[PDB]
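So the structure is just underneath, and the comments pick up after that.
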Amino acid sequence: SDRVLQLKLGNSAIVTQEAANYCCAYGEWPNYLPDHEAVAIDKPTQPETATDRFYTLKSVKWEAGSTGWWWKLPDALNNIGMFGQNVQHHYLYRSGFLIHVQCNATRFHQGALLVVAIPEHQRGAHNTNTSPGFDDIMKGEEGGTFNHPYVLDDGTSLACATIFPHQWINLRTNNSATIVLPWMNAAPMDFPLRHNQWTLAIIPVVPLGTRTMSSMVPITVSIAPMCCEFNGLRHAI
Amino acid sequence: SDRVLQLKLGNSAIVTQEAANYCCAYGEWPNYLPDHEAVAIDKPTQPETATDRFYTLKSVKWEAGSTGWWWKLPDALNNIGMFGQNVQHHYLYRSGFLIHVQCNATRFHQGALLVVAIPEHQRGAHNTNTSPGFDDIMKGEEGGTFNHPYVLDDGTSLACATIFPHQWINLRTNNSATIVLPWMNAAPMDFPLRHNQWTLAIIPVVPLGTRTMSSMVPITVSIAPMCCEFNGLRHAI
Amino acid sequence: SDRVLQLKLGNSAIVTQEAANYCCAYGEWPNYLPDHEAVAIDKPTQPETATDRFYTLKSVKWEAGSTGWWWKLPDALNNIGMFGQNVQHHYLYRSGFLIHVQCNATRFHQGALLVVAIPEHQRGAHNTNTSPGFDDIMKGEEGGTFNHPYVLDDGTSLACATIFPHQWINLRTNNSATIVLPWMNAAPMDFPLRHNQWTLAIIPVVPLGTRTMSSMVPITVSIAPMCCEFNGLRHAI
Amino acid sequence: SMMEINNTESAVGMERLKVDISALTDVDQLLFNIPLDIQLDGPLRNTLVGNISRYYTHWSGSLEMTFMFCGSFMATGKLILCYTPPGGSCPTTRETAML
Amino acid sequence: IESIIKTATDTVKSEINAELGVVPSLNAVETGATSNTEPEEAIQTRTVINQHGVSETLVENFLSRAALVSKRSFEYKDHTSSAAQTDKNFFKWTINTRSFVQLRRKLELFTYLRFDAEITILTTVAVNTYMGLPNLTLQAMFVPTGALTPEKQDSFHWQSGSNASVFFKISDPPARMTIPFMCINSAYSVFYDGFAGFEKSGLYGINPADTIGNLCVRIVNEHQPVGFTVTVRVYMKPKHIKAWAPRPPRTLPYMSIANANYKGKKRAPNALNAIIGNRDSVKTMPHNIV
Amino acid sequence: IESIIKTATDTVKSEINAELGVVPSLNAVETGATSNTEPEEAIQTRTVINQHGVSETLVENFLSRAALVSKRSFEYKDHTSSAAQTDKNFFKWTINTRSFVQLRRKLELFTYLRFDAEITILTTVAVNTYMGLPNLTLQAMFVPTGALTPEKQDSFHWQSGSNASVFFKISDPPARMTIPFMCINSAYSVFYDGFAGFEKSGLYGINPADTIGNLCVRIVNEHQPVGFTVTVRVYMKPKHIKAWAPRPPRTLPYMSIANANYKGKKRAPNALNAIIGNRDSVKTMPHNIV
Amino acid sequence: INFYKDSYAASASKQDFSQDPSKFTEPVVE
Amino acid sequence: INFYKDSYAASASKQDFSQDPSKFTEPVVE
Amino acid sequence: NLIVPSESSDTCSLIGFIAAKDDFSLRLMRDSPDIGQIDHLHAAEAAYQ
């Protein structure tokens with residue numbers, strides 16, 4: 001019963017048949033900003049179905065010695081669709097996210113993915129005391145690749161990364177993972193071009209393995225923003 | 001009392017002090033499309049304050065032998081702000097317009113403008129039986145210039161053009177004109193890149209004249225879309 | 001409605017037609033000294049219509065490079081009429097003031113006056129550490145001229161001088177300013193020959209300018225004391 | 001309280017407290033701009049809102065800019081006064097700024 | 001109308017407006033009134049429940065900070081061959097709020113002030129070889145303005161019949177006194193547009209009713225065989241403050257404590273002819289984002 | 001569902017189980033949920049009334065320990081021939097929680113923190129011959145972030161018009177202040193996945209809203225003929241703590257305070273490619289009872 | 001905590017939340 | 001014992017025994 | 001455009017004003033960077049004489 005799931009947002013829908021029970025982050029569900037927590041006094045635009053819809057990114061090739069992949073939000077979506085046009089024309093921003101990650105293979109394949117959403121994933125660099133630059137962090141739609149995913153590229157640990165909102169894609173059990181994210185910030189709204197609230201990390205804890213014919217196994221990421229607000233209308237940068 | 005008027009839409013406001021009583025076209029006021037007249041079944045986006053706001057165009061120089069100026073709607077706004085981004089990302093479109101035209105001069109100047117909004121102003125060409133092309137019609141933000149405004153560039157007449165929703169800017173009386181336009185089409189929604197519902201025409205019926213120092217007199221056009229709906233989300237052309 | 005104003009005090013009246021809504025200083029209106037705030041025990045003289053009447057000073061020529069004008073109160077009136085005779089024959093003094101400043105010009109003139117009443121305007125001198133003398137301060141009926149009105153001749157600022165009770169004479173709007181002053185002192189009564197409670201400052205923030213024929217533009221100051229009390233009758237100094 | 005929008009050289013004293021606009025021969029022209037940093041020494045520093053705020057470190061709330069036109073009665077004109085929320089550069093054309 | 005304001009005010013949502021006869025964004029600066037255009041009338045707003053308190057900008061909080069008003073270093077030694085213009089183990093100080101400019105500009109934001117002043121006195125000592133710092137006893141005697149002040153360390157004016165003295169040591173916490181509101185008027189005149197005598201030769205701007213008193217401070221000890229340098233810092237904190245008629249802040253630097261004279265700096269900022277530092281044009285943006 | 005837990009939970013007795021359709025020991029890790037298999041369902045239990053309280057692992061107790069955040073030694077002497085890069089009888093310190101690693105790893109167990117910080121300042125002195133330790137007066141002035149800090153010991157910025165200063169002596173108990181929750185947001189960002197400026201050249205991970213302020217500490221005394229070495233230790237204790245979104249603890253050693261860069265140790269434990277020290281095989285027991 | 005016999009000896013009185021901005025912002029009469 | 005006029009001056013508040021482990025241990029929806 | 005006749009002055013002026021609204025709030029108090037001294041003022045030694 002929990003394996004089949006249709007997610008319908010906007011003009012976008014995703015049916016899955018080999019899923020797990022989906023994850024709502026910290027027990028929370030997204031909502032709009034209420035009046036007793038609001039700060040910016042102008043009326044926000046709530047474009048709804050134009051922006052509250054799945055956005056599918058470029059797939060990544062799950063290969064032999066993969067270390068992992070990360071996308072930062074809302075940076076991965078700031079140039080896609082009418083979400084990216086509302087981002088570039090407004091100063092402020094508030095939304096949650098419905099991340100759906102797809103990866104299937106045959107019943108002779110093995111492997112496990114940790115699909116973990118990390119709040120405020122401040123990265124570190126390796127073997128230097130210079131901070132990571134702008135281009136190391138703000139990758140965009142392509143995202144990045146983990147350098148040392150065993151310490152989550154920040155000196156901490158992959159083993160304890162199940163404290164964050166996560167699921168698994170174990171290839172003998174499921175082929176999809178779904179994490180619903182709310183707004184996760186100290187401020188109620190935020191400038192979307194210089195700050196990322198969530199990082200979606202997908203990490204090969206058990207590598208891909210089979211002895212059947214070699215097929216390309218892709219990992220696809222569909223991200224739906226949820227309950228988007230935008231304040232501070234101006235021109236586009 | 002009818003001379004002072006503040007028009008507040010979105011983050012845009014216009015105060016005027018030397019106005020006339022404004023014109024609502026055919027006694028009608030804009031509204032959203034009701035359910036008993038709807039055709040497209042998907043949920044429309046109603047971006048409101050992001051698109052329902054004044055858009056000021058490039059001013060035109062009111063000179064000695066001016067013939068007139070025209071802007072076609074929504075073609076004059078299809079590339080401006082978040083109205084133009086909702087136009088380019090959607091197939092369908094429905095809105096009204098609040099046109100505000102500004103032209104002031106001193107109390108030693110004379111002149112009269114006919115500020116007339118024409119529905120379905122199909123133009124004609126002069127002294128040829130070939131129809132006007134795409135570039136003769138779809139000017140965009142700059143608009144066009146009347147060739148023969150005495151026949152309204154379509155064989156009809158400027159004298160009878162007061163059957164359309166119009167005002168006057170007589171320079172001894174007022175310095176602004178305001179026309180509120182509803183949706184004016186045979187279809188409830190429309191593809192905004194190949195059809196214009198309204199043409200704003202501004203025509204020198206009495207030319208500009210004074211014997212004081214020569215100043216440039218500009219004519220400025222601010223257009224606010226009202227009650228915008230957009231259906232048929234896709235990519236941008 | 002707020003442009004026409006007749007001020008009738010005593011045998012003196014002033015009609016104006018091109019005024020602003022007049023200013024009562026700090027929301028207060030003048031009154032006589034009540035018994036629960038009185039100090040001097042002898043019965044005061046309240047000469048009323050002999051002293052509560054407009055006193056018009058010498059006009060000043062609003063010219064090209066004017067810096068400003070100031071009059072100190074009650075010093076500007078201590079030798080005028082029956083106010084000056086009650087001042088010179090008594091030790092103590094208490095009154096408010098109704099200051100009316102007049103300056104008109106044609107509709108081709110431009111300029112703005114800041115007409116500001118300053119409490120306890122202790123002046124400073126420029127580029128010396130010696131205090132201003134008696135003759136620098138106690139000018140009398142002629143008043144003084146600002147040396148550096150941009151710092152209000154005391155090191156502070158003209159920009160923040162709208163914290164004081166003020167009006168403007170913008171020559172395209174009004175031609176008069178009216179400030180009603182109450183008693184403004186730490187003591188309930190005061191010796192009028194060594195202390196000034198109010199300074200009327202009139203300052204050219206926008207200078208006088210036109211391209212029509214050159215006329216002399218004067219700035220006239222009418223000051224009416226209000227609710228005068230005098231204690232301590234003796235001879236005249 | 002008055003802004004020193006004309007905080008330039010060759011504006012001496014009280015000339016800093018006013019902006020001189022003229023008749024122009026081109027359309028859509030920029031007249032002045034105002035930086036809004038209240039900590040920083042700009043036009044907003046020597047104001048009543050600007051001096052009391054520099055006794056403090058954090059601030060919140062709406063501001064108001066009032067502009068009084070001090071031409072003649074005969075002078076006519078129309079201006080647009082745009083506020084741009086932060087993010088990019090200051091808008092230099094009117095098409096960009098009225099958004 | 002007077003009301004009680006504990007937080008900043010809330011915002012109400014507004015809609016499309018298009019009404020003849022009503023122009024709330026237009027105003028009249030010429031009346032002397034500040035614009036009453038609300039943000040609901042200029043843009044379209046949302047409902048914001050504003051919970052930002054306003055208690056830190058209260059005039060009681062704005063002014064009740066202990067500020068340095070006096071700082072005096074004197075040599076504590078045997079004064080027999082020292083000149084008569086020096087502080088022979090004691091000093092006198094006419095209490096004023098004019099000498100140090102942070103409190104001065106802050107108090108000169110008002111025309112009239114009524115406050116009680118609590119007075120903290122901080123004594124610190126340094127050896128004038130090193131053999132240790134003595135735990136000296138100091139006497140601060142409050143003498144009213146114009147009265148007899150002592151001329152010696154060991155004068156008989158220090159016996160303090162009715163003058164209030166505080167005796168305190170260096171190793172103690174600092175001595176703290178509350179001085180009341182001591183003006184003969186209902187408020188102190190921070191500014192005085194007048195002359196304080198009936199002749200035309202008095203001082204301008206100096207009202208002696210504004211003066212608190214004298215603060216005569218001696219060291220009760222006799223001199224040790226070595227000398228010490230004793231610095232006495234006096235701190236004033238206004239309290240129970242009422243304030244009337246606010247003023248423009250001072251932009252130019254102070255020149256004297258006796259008057260409001262001005263010179264200005266040589267260049268902008270805070271020059272005489274340029275208070276704000278200059279930019280290139282009126283359409284030049286100083287910190288423009290690239 | 002949220003409940004109040006004062007002690008650890010009790011155990012109920014269980015019996016022989018043999019039911020089809022019910023498998024409580026099997027689980028689904030793939031959902032992201034922790035296993036809900038109770039010990040009653042895996043073994044046969046007895047009734048245990050568990051009275052073990054849980055109050056010591058409260059986030060208020062876990063974090064409200066006074067921890068060293070600053071340690072600064074400066075030479076207290078006459079500074080005329082000393083270089084300009086040294087601390088001439090005073091220092092400045094931008095308040096951070098990043099410099100000492102016990103509090104840093106403990107605060108970085110969370111993404112967001114809202115706390116009030118009480119600040120204890122411990123001053124200790126040593127002679128730089130021996131003739132005794134002076135009872136000096138120190139001034140710690142709290143300057144907000146980016147504001148004007150003093151450049152001298154005897155500068156006029158130390159007069160503290162509105163900046164809060166504490167004056168305290170070495171022979172006293174240590175000075176203790178409470179600094180409030182001073183963020184412009186509703187919580188401090190312990191981690192900041194962003195850039196703090198509108199240009200692409202700002203610092204990564206450093207949000208200046210997280211910064212408390214500057215702590216300018218001077219010695220109010222003048223120099224003695226001999227020198228002294230003064231060490232000022234600052235202790236921070238969080239209180240009234242709310243904490244959000246817990247994180248993996250840091251395993252590798254810290255490299256800098258500006259960032260979360262990592263190198264790791266050369267061998268296990270806490271190496272980059274080996275956090276736990278190695279054993280011989282997966283079926284080798286390290287401390288096996290013989 | 002005030003054990004002194006004079007009322008001015010007490011601590012600072014930080015409870016005066018009465019405002020009246022209209023005596024500076026709208027001092028006009030109508 | 002709090003004789004200060006500010007509420008943040010008070011001692012540490014060690015009486016918050018509300019837990020909700022299910023927002024970390026069972027964040028699934030069904 | 002600014003359009004004047006031949007006897008108005010062809011260059012006109014604006015004056016800009018700024019206030020705060022009643023939703024305005026300030027906190028965290030510090031000393032002002034607008035005033036400061038590097039020496040004692042004049043006649044400040046005469047308060048000790």
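Labels used: A, B, ... for chains in the order of the structure tokens, numbers from 1 for residues in each chain, and numbers from 1 for ligands as shown.
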
Output as a Markdown table one row per residue of chain E within 9 Å of chain B: the closest atom pair and its distance in Å to one decimal place, counting only C-alpha atoms, sorted by chain and residue number ascending.
```
| residue | atom | partner | partner_atom | distance |
| --- | --- | --- | --- | --- |
| E:15 | CA | B:9 | CA | 7.8 |
| E:16 | CA | B:9 | CA | 5.2 |
| E:17 | CA | B:8 | CA | 4.9 |
| E:18 | CA | B:7 | CA | 4.5 |
| E:19 | CA | B:5 | CA | 6.0 |
| E:20 | CA | B:5 | CA | 4.6 |
| E:21 | CA | B:1 | CA | 4.6 |
| E:22 | CA | B:5 | CA | 6.2 |
| E:23 | CA | B:6 | CA | 5.2 |
| E:24 | CA | B:6 | CA | 7.7 |
| E:25 | CA | B:15 | CA | 7.1 |
| E:26 | CA | B:15 | CA | 7.2 |
| E:41 | CA | B:8 | CA | 7.8 |
| E:42 | CA | B:13 | CA | 6.5 |
| E:43 | CA | B:11 | CA | 4.6 |
| E:44 | CA | B:10 | CA | 5.4 |
| E:45 | CA | B:10 | CA | 8.7 |
```

Got a sec: who's within 12 Å of residue I:16, counting only C-alpha atoms, leaving out chain neighbours fewer than 2 positions off, as a PyMOL selection string?
-> (chain C and resi 159+205) or (chain D and resi 1-6+16-20+32-34+43-44+47+64-70+81) or (chain E and resi 29) or (chain I and resi 13-14+18-19)

File dump, residues just selected, N, CA and C atoms, as a short mmCIF file (atom, residue, chain, number, x, y, z; two decimals), in the first residue's frame:
```
data_model
loop_
_atom_site.label_atom_id
_atom_site.label_comp_id
_atom_site.auth_asym_id
_atom_site.auth_seq_id
_atom_site.Cartn_x
_atom_site.Cartn_y
_atom_site.Cartn_z
N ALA C 159 19.24 71.00 8.28
CA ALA C 159 18.45 69.88 7.78
C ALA C 159 17.55 69.31 8.87
N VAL C 205 16.22 78.45 2.00
CA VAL C 205 16.68 77.12 1.61
C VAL C 205 16.75 77.00 0.09
N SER D 1 12.98 65.50 7.83
CA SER D 1 14.12 66.39 7.86
C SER D 1 14.86 66.23 6.54
N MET D 2 15.59 67.28 6.17
CA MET D 2 16.09 67.40 4.81
C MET D 2 17.25 66.45 4.53
N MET D 3 17.23 65.85 3.34
CA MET D 3 18.32 65.02 2.87
C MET D 3 19.32 65.88 2.11
N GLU D 4 20.61 65.58 2.28
CA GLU D 4 21.63 66.19 1.43
C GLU D 4 21.84 65.30 0.21
N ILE D 5 20.90 65.39 -0.72
CA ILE D 5 21.01 64.63 -1.95
C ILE D 5 22.13 65.21 -2.81
N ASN D 6 22.36 66.51 -2.72
CA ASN D 6 23.40 67.19 -3.48
C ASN D 6 24.72 67.23 -2.71
N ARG D 16 23.69 72.04 -0.92
CA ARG D 16 23.64 70.60 -0.76
C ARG D 16 22.26 70.10 -0.38
N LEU D 17 21.39 70.98 0.10
CA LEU D 17 20.06 70.60 0.55
C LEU D 17 19.00 70.72 -0.53
N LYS D 18 19.38 70.85 -1.80
CA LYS D 18 18.42 70.95 -2.88
C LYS D 18 19.00 70.36 -4.16
N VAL D 19 18.11 69.82 -4.99
CA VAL D 19 18.47 69.23 -6.28
C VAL D 19 17.88 70.11 -7.37
N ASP D 20 18.73 70.59 -8.26
CA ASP D 20 18.32 71.48 -9.34
C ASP D 20 18.00 70.67 -10.59
N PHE D 32 18.40 62.18 -10.21
CA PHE D 32 19.29 61.90 -9.09
C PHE D 32 19.01 60.50 -8.60
N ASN D 33 19.91 59.99 -7.77
CA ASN D 33 19.64 58.80 -6.98
C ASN D 33 20.08 59.03 -5.54
N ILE D 34 19.53 58.23 -4.64
CA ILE D 34 19.79 58.36 -3.21
C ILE D 34 20.25 57.01 -2.68
N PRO D 43 23.44 60.73 1.97
CA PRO D 43 22.41 61.76 2.18
C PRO D 43 21.52 61.56 3.39
N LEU D 44 21.42 60.35 3.93
CA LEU D 44 20.53 60.08 5.04
C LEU D 44 21.19 60.22 6.40
N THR D 47 20.12 63.42 9.23
CA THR D 47 18.69 63.60 9.36
C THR D 47 18.29 63.24 10.78
N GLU D 64 9.82 57.07 4.84
CA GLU D 64 9.07 57.85 3.87
C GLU D 64 9.99 58.93 3.32
N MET D 65 9.97 59.09 2.01
CA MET D 65 10.67 60.19 1.36
C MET D 65 9.67 61.19 0.85
N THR D 66 9.70 62.39 1.41
CA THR D 66 8.87 63.48 0.94
C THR D 66 9.72 64.42 0.10
N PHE D 67 9.19 64.83 -1.04
CA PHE D 67 9.87 65.73 -1.97
C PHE D 67 8.97 66.94 -2.20
N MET D 68 9.48 68.13 -1.92
CA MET D 68 8.73 69.36 -2.16
C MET D 68 9.31 70.06 -3.38
N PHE D 69 8.46 70.38 -4.34
CA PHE D 69 8.91 71.07 -5.54
C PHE D 69 8.89 72.57 -5.30
N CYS D 70 10.02 73.23 -5.56
CA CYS D 70 10.19 74.63 -5.24
C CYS D 70 10.51 75.43 -6.48
N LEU D 81 9.39 58.43 -8.95
CA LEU D 81 10.28 58.22 -7.82
C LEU D 81 10.26 56.75 -7.48
N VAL E 29 4.08 70.03 2.61
CA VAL E 29 5.23 70.27 3.47
C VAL E 29 5.16 71.67 4.07
N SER I 13 13.94 73.61 -8.36
CA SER I 13 14.55 72.87 -7.27
C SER I 13 13.57 71.92 -6.61
N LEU I 14 14.11 70.84 -6.08
CA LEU I 14 13.43 69.94 -5.17
C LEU I 14 14.11 70.00 -3.81
N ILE I 18 13.17 63.08 4.75
CA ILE I 18 12.96 61.69 5.15
C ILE I 18 12.56 61.64 6.62
N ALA I 19 11.54 60.85 6.91
CA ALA I 19 11.13 60.48 8.24
C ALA I 19 11.04 58.97 8.34
#
```

Computed gap from atom CA of residue E:230 to atom CA of residue E:105 is 28.7 Å

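Every protein or nucleic acid residue with an atom no more than 9 Å from residue G:25, counting only C-alpha atoms and leaving out same-chain residues fewer than 3 positions away, appears here: residues 163 of chain C; 32, 33, 34, 35 and 36 of chain E; 21, 22 and 28 of chain G.
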
Export C-alpha atoms of the chosen residues as a PDB file, in the first residue's frame?
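Okay, this is what ended up in result.pdb:
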```pdb
ATOM      1  CA  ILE C 163      12.181  69.326  14.700  1.00  0.00           C
TER       2      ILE C 163
ATOM      3  CA  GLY E  32       5.067  72.240   8.766  1.00  0.00           C
ATOM      4  CA  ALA E  33       3.402  68.865   9.242  1.00  0.00           C
ATOM      5  CA  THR E  34       5.062  65.548   8.512  1.00  0.00           C
ATOM      6  CA  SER E  35       3.421  63.420   5.814  1.00  0.00           C
ATOM      7  CA  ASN E  36       0.700  61.096   7.090  1.00  0.00           C
TER       8      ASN E  36
ATOM      9  CA  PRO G  21       4.283  62.082  18.187  1.00  0.00           C
ATOM     10  CA  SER G  22       1.528  64.387  16.924  1.00  0.00           C
ATOM     11  CA  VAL G  28      -1.105  72.113  12.603  1.00  0.00           C
TER      12      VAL G  28
END
```

Give the residues of chain I that lie within 8 Å of chain D; count only C-alpha atoms, and format the answer as number ranges by chain.
-> I: 1-5, 8-33

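One distance worth recording is that between atom CA of residue B:127 and atom CA of residue B:193, which is 28.1 Å.
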
Per residue of chain B within 8 Å of chain A, note the shortest atom pair and the distance in Å to one decimal, counting only C-alpha atoms, and order the rows by chain and increasing residue number, as a tab-separated table.
```
residue	atom	partner	partner_atom	distance
B:10	CA	A:43	CA	7.9
B:11	CA	A:42	CA	7.8
B:42	CA	A:11	CA	7.9
B:43	CA	A:49	CA	7.4
B:44	CA	A:49	CA	7.6
B:45	CA	A:47	CA	6.1
B:46	CA	A:47	CA	6.7
B:47	CA	A:47	CA	5.2
B:48	CA	A:45	CA	6.9
B:49	CA	A:45	CA	6.4
B:50	CA	A:45	CA	6.2
B:81	CA	A:235	CA	6.9
B:82	CA	A:89	CA	7.3
B:85	CA	A:85	CA	7.0
B:86	CA	A:82	CA	7.7
B:89	CA	A:82	CA	7.3
B:233	CA	A:50	CA	7.0
B:235	CA	A:81	CA	6.8
```

Would you save the residues from that selection as a short mmCIF file (atom, residue, chain, number, x, y, z; two decimals), in the first residue's frame, using N, CA, C and O atoms?
```cif
data_model
loop_
_atom_site.label_atom_id
_atom_site.label_comp_id
_atom_site.auth_asym_id
_atom_site.auth_seq_id
_atom_site.Cartn_x
_atom_site.Cartn_y
_atom_site.Cartn_z
N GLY B 10 -0.59 47.34 -7.17
CA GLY B 10 0.65 46.65 -6.86
C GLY B 10 1.59 47.48 -6.03
O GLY B 10 1.19 48.06 -5.02
N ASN B 11 2.85 47.56 -6.45
CA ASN B 11 3.80 48.49 -5.86
C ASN B 11 3.88 49.80 -6.63
O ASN B 11 4.79 50.60 -6.40
N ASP B 42 -7.42 23.51 -17.18
CA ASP B 42 -6.38 23.55 -16.17
C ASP B 42 -6.51 24.79 -15.30
O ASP B 42 -7.14 25.78 -15.68
N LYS B 43 -5.91 24.73 -14.13
CA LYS B 43 -5.99 25.83 -13.19
C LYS B 43 -5.13 26.98 -13.67
O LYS B 43 -3.95 26.78 -13.96
N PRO B 44 -5.68 28.19 -13.81
CA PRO B 44 -4.87 29.31 -14.27
C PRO B 44 -4.02 29.88 -13.15
O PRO B 44 -4.33 29.75 -11.97
N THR B 45 -2.92 30.51 -13.54
CA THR B 45 -2.13 31.27 -12.59
C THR B 45 -2.61 32.71 -12.61
O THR B 45 -2.92 33.27 -13.66
N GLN B 46 -2.77 33.28 -11.42
CA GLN B 46 -3.24 34.65 -11.25
C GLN B 46 -2.17 35.36 -10.44
O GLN B 46 -2.26 35.43 -9.21
N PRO B 47 -1.12 35.87 -11.09
CA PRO B 47 0.04 36.37 -10.34
C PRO B 47 -0.18 37.69 -9.64
O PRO B 47 0.65 38.06 -8.80
N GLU B 48 -1.27 38.40 -9.95
CA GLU B 48 -1.75 39.60 -9.27
C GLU B 48 -0.72 40.72 -9.23
O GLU B 48 -0.35 41.23 -10.29
N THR B 49 -0.23 41.07 -8.04
CA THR B 49 0.65 42.22 -7.84
C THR B 49 1.96 42.14 -8.61
O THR B 49 2.59 43.19 -8.80
N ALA B 50 2.39 40.96 -9.04
CA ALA B 50 3.56 40.86 -9.89
C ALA B 50 3.29 41.34 -11.31
O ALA B 50 4.21 41.81 -11.98
N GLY B 81 8.75 43.08 -17.57
CA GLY B 81 8.47 42.67 -16.21
C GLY B 81 8.04 41.22 -16.11
O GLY B 81 8.36 40.39 -16.96
N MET B 82 7.30 40.93 -15.05
CA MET B 82 6.71 39.61 -14.86
C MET B 82 5.43 39.42 -15.63
O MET B 82 4.90 38.30 -15.63
N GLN B 85 7.00 37.70 -18.65
CA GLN B 85 7.47 36.35 -18.38
C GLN B 85 6.32 35.38 -18.26
O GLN B 85 6.45 34.22 -18.65
N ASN B 86 5.19 35.83 -17.73
CA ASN B 86 3.98 35.02 -17.75
C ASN B 86 3.39 34.89 -19.14
O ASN B 86 2.74 33.90 -19.44
N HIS B 89 5.78 32.23 -21.09
CA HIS B 89 5.76 30.88 -20.55
C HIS B 89 4.39 30.22 -20.61
O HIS B 89 4.28 29.04 -20.29
N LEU B 233 0.74 26.28 -19.32
CA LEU B 233 2.14 26.45 -18.99
C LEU B 233 2.99 25.49 -19.81
O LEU B 233 2.67 24.31 -19.94
N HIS B 235 7.32 25.74 -21.84
CA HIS B 235 8.55 26.51 -21.85
C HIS B 235 8.33 27.89 -22.45
O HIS B 235 7.20 28.27 -22.78
#
```

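Near residue F:228, within 6 Å and counting only C-alpha atoms, sit residues 75, 76, 126, 127 and 128 of chain F, not including residues fewer than 4 positions from it in the same chain.
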
Same residues, N, CA, C and O atoms, output as a PDB file, in the first residue's frame:
```pdb
ATOM      1  N   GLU F  75      51.371  42.182  27.349  1.00  0.00           N
ATOM      2  CA  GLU F  75      52.335  42.797  28.250  1.00  0.00           C
ATOM      3  C   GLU F  75      51.791  44.133  28.726  1.00  0.00           C
ATOM      4  O   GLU F  75      51.471  45.007  27.916  1.00  0.00           O
ATOM      5  N   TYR F  76      51.678  44.289  30.035  1.00  0.00           N
ATOM      6  CA  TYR F  76      51.230  45.541  30.627  1.00  0.00           C
ATOM      7  C   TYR F  76      52.452  46.301  31.120  1.00  0.00           C
ATOM      8  O   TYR F  76      53.018  45.983  32.165  1.00  0.00           O
ATOM      9  N   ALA F 126      50.914  38.289  36.198  1.00  0.00           N
ATOM     10  CA  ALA F 126      52.221  37.783  36.589  1.00  0.00           C
ATOM     11  C   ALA F 126      53.260  38.879  36.413  1.00  0.00           C
ATOM     12  O   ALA F 126      53.142  39.715  35.517  1.00  0.00           O
ATOM     13  N   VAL F 127      54.281  38.869  37.269  1.00  0.00           N
ATOM     14  CA  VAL F 127      55.359  39.844  37.164  1.00  0.00           C
ATOM     15  C   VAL F 127      56.256  39.473  35.993  1.00  0.00           C
ATOM     16  O   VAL F 127      56.696  38.325  35.863  1.00  0.00           O
ATOM     17  N   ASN F 128      56.523  40.444  35.128  1.00  0.00           N
ATOM     18  CA  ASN F 128      57.349  40.230  33.954  1.00  0.00           C
ATOM     19  C   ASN F 128      58.818  40.424  34.304  1.00  0.00           C
ATOM     20  O   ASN F 128      59.401  39.634  35.043  1.00  0.00           O
TER      21      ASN F 128
END
```

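DSSP secondary structure from the backbone places residues 29, 30, 31, 39, 40, 41, 42, 55, 56, 57, 59, 60, 61, 62, 63, 101, 102, 103, 104, 105, 106 and 107 of chain E of stretch 1-110 of chain E in helix (DSSP H, G or I).
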
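The interatomic distance for the pair atom CA of residue E:214 and atom CA of residue E:95 works out to 5.7 Å.
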
Find the residues near residue E:119: any atom within 7 Å, counting only C-alpha atoms, skip ones fewer than 4 places away on the same chain, and give them as a PyMOL selection string.
-> chain E and resi 176-179+234-237

Mind checking DSSP for stretch 22-206 of chain A and telling me the strand (DSSP E) residues as a PyMOL selection string?
-> chain A and resi 23-24+55-56+60-62+69-73+94-102+110-119+144-145+166-170+176-181+198-206

May I ask you to extract the residues of chain C within 9 Å of chain I, using only C-alpha atoms, and to give them as a PyMOL selection string?
-> chain C and resi 107-111+129+159+205-206+209-213
